[PDB]
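Working notes, beginning with the structure itself.
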Amino acid sequence: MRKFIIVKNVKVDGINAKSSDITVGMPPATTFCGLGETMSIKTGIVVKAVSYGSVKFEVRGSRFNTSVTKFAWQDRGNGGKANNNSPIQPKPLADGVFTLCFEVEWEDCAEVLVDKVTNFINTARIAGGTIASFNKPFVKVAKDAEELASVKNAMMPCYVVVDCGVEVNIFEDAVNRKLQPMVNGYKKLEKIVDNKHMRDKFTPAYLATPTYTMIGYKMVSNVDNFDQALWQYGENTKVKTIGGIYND
Amino acid sequence: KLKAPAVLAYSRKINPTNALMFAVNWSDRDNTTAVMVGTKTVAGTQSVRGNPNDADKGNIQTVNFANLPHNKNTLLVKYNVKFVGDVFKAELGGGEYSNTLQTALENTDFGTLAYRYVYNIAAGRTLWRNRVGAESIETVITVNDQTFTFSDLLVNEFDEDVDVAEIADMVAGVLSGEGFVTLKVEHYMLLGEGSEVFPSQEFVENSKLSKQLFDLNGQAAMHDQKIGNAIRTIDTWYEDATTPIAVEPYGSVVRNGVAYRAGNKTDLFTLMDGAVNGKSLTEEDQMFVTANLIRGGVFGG
Amino acid sequence: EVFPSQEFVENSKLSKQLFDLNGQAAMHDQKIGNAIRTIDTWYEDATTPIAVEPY
Amino acid sequence: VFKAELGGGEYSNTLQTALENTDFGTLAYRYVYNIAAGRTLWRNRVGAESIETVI
RNA sequence: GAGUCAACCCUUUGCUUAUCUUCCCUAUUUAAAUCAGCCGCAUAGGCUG
């Protein structure tokens, strides 16, 4: 809360939009969680709150059958047939411009952190994307809850993502309320016994499936209280909001 | 013992961006404009081999086009590319097998690879059909806050150049373990007045159109994959067939349907196993086996 | 009056559209191409020739 | 001329070797005459008093 | 990880007959817009091609 770093107008190219076998479009927040923990392990700072926004997002193609990428032969099972019409493997892409706002606590200096975070961002990936151009990150200061509104007056304009809740199950509710799904986390089902082809020989191997939650894209000014937009790690590998159920 | 791993991965060392296309005057380079796309209709007969009967039927079709405005004469193709080091550091799979290849490599000359890559960037091979009919092609490149102006031509008859050597040496040093370097490519061309322009296509399931053009918020643009394929065409390491091709395992381009580097003892995986079991080989092939290693991807199966 | 090219669009309000670049009458750059390459005076009959194309 | 954009290493080369024995002057003359005669200008020329071409 | 080349959309056309829009009204208060020029890190006569 003491120090916030903001980067705006980040141009990302060639985003892999196929997040799952059914979800195509905006990347899930689990990639944001992974990048945040990677930044925590690399720089050495514990991060609690994560925030992001959407500015531009264009999917390559048209109303349906957006984009297909031609994949060539990259396996050692060729030589005779490897001369015409390599397998297709449909996988659409996209393009976007986003922004990030992160919290950091550090009292040794004030600008070395900017140096190292910029250095790391310069050599990163965004869901298979690539950073093209970004503005210089800037620093903001906050103290406690009542003055928090100041930050909403500091980095306009953008969209915000807010939780609204589900009633019984989403299979019909998503269509009925015409909001969009999103993968809040993964639920483990069984343990992978084999430990042969893994990238490590000590990390436990589990199998999991995505779980779907309800989020909505609204205007910042239309948000009555900001704590609905905070994400905190919860029990059973879940992510929750500080404010709970939305109410007027 | 020393079983070939079926899973191995390497990072995309070369990262190109989305090439962006503009119309600007030859002598008024301060003011530029974007190029739109638009949509038009065509009506041509059927030219299909072995079908005399269907020559008396019409055909109405709809396609996208792109060209300079009524009064402009310069095409401006600009983008950014990034070179990163960290070579011989696996990102997915392999902790004690990459080093066994490393102790065989590091005897190759990265300077040649950098020279060829920068020569490809400077000459203009990144533009496929835009160079047909242009008398003047030049570029300006700004890296590390220093600028260089190139008027390079003659993609044929490769010759040593000492004016481009410094940037080649810089990036070659970058590859052998460093951070990142970013280059801004700003190709200028004077194709003509009102002539057609060729931006990258993409194919979709049969729709209202039949030739769609890549658009980035009402402006023509080129795919990243095509630029990346332009960067990695250096393979001059076989005894014939000049005008080299792009580098990849089982190297053969489907566009014209040629089959080079077949199962005739010139491949990628056929080399290191016979090198470690037997004598080493010529300096030519280490060049190739590191070239296709620099491009990222997943290898195995 | 003049005669620029015409478009064949799906069922819209208009019934006879016209080609235009930023609102300016013009002709497609293949009608001119078809007019340039009409020199095929090289078959058994029919002077006042036709264009050059297979079949 | 005489190089295919896609494919062709032996068929196109042999076809070329058979060709370039004809005369390009006739084709160039007919093309430039079609440009100069105004035939590239389609049926706006109906009811024309006098026309000129500046090339 | 490259969607790549080629193309004539043409001919013809009567939009026209009539029409009431109408009553009522407090914009209030405060105001400051101020010839780079030689030796001088100086708002003391100025001998300057």
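Sequence lines, in order, name chains R, Z, V and W. According to PDB author numbering, the residues represented by the first sequence are 1 to 248, in order. According to PDB author numbering, the residues represented by the second sequence are 3 to 303, in order. According to PDB author numbering, the residues represented by the third sequence are 198 to 252, in order. According to PDB author numbering, the residues represented by the fourth sequence are 89 to 143, in order. Just so you know, even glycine gets a beta-carbon here, dropped at the ideal spot from N, CA and C.
* **Nearest to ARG133 (chain Z) (by Cα), restricted to the options Z:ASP217, Z:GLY194, Z:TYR99, Z:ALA222** => Z:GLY194
* Write down the C-beta distance between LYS213 (chain Z) and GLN203 (chain Z) rounded to the nearest angstrom, noting that I regard them as a contact closer than 8 Å. => 7 Å
* Which word fits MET219 (chain R), buried or exposed, when buried means at least 16 other C-beta atoms lie within 10 angstroms of its C-beta? -> exposed
* Asked: What first and last residue would you give for the beta strand (DSSP E) that runs through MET182 (chain R)?
  -> 180-191
* Could you pull out every residue in the same chain whose Cβ sits closer than 7 Å to the Cβ of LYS59 (chain Z), ignoring the five residues on either side in sequence? => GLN48
* To do: Determine, using beta carbons only, whether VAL97 (chain R) and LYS56 (chain R) come nearer to each other than 8 Å.
  => yes
* **Three CB pairs or more closer than 8 Å across the segment 277-297 of chain Z and the segment 18-29 of chain Z** => no
* **Interface residues of chain Z facing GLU250 (chain V) [CB-CB closer than 8 Å]** => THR47, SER49
* To do: Kindly indicate which three-state DSSP category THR203 (chain R) falls into: helix, strand or coil?
  => coil
* Asked: Between which two residues does the beta strand (DSSP E) containing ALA11 (chain Z) stretch?
  -> 10-12
* Residues near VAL86 (chain Z) by beta carbon distance below 6 Å, same chain, minus five either side -> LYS15, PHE182
* To do: Compare the C-beta of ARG127 (chain Z) against all C-beta atoms of chain W and say whether one is closer than 8 Å.
  => no
* **Residue-chain proximity (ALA223 (chain V), chain W), Cβ-Cβ < 8 Å** => no
* Which residues does DSSP pair with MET224 (chain Z) in a beta bridge? -> Z:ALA21
* List the residues of chain Z whose Cβ lies closer than 7 Å to the Cβ of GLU204 (chain V), in chain order. => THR43
* **Reference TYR233 (chain R), options R:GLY129, R:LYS48, R:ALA17, R:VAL24, closest by Cα** => R:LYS48
* Output the boundary residues of the alpha helix (DSSP H) element that contains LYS152 (chain R). => 149-152
* Asked: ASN279 (chain Z) versus chain R: which residues are under 9 Å apart at the beta carbon?
  -> Residues of chain R passing the Cβ test: none, with the nearest at roughly 17 Å.
* Asked: Is there a Cβ from chain W that is less than 8 Å from the Cβ of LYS228 (chain V)?
  -> yes
* **Rounded separation between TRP130 (chain Z) and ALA116 (chain Z) - CA only** => 21 Å
* Asked: Does any residue of chain W bring its CB to less than 8 Å from the CB of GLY87 (chain Z)?
  -> no
* To do: Could you confirm whether any beta carbon from chain R is found closer than 8 Å to the beta carbon of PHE182 (chain Z)?
  => yes
* Which residues, in order along the segment 118-143 of chain W, keep a beta-carbon less than 7 Å from a beta-carbon of chain V? -> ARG118, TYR119, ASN122, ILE123, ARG127, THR128, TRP130, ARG131, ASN132
* Return helix, strand or coil for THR245 (chain Z), following the three-state DSSP convention. => coil
* So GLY113 (chain W) is in the alpha helix (DSSP H); what residue range does that whole segment cover? -> 112-125
* Asked: Using CA coordinates, which residue listed in W:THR128, W:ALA124, W:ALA136, W:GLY135 is at the minimum distance from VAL142 (chain W)?
  -> W:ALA124
* To do: Please list the partners that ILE247 (chain V) has in chain W, where partner means a Cβ-to-Cβ separation under 9 Å.
  => Correct list: empty, because the minimum Cβ distance to chain W is about 12 Å.
* CA-CA distance, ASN27 (chain Z) and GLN227 (chain Z)? -> 29 Å
* Asked: Since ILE229 (chain Z) and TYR81 (chain Z) are thought to touch, with beta carbons under 8 Å apart, how far apart are those beta carbons, to the nearest angstrom?
  -> 7 Å
* Asked: Helix, strand or coil: which one does DSSP assign to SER100 (chain Z)?
  -> helix
* Pull up the CB-CB distance for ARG118 (chain Z) and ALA232 (chain Z), whole angstroms please, since I reckon it's below 8 Å. => Not a contact, Cβ separation roughly 12 Å.
* To do: For my contact list, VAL199 (chain Z) and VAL37 (chain Z) are in at a C-beta cut-off of 8 Å; report their separation, rounded to the angstrom.
  => 7 Å
* Asked: For a contact meaning CB atoms closer than 7 Å, what does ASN258 (chain Z) contact in chain W?
  -> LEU94, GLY95
* Contact list for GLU37 (chain R) against chain Z, beta-carbon separation under 8 Å -> The premise fails here: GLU37 (chain R) is roughly 17 Å from chain Z at the closest Cβ pair, so nothing lies under 8 Å.
* chain R beta carbons: is any one of them nearer than 8 Å to that of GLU207 (chain Z)? -> yes
* Asked: When you compare each of R:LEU113, R:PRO157, R:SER20 to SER221 (chain R) by their alpha carbons, which one comes out closest?
  -> R:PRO157
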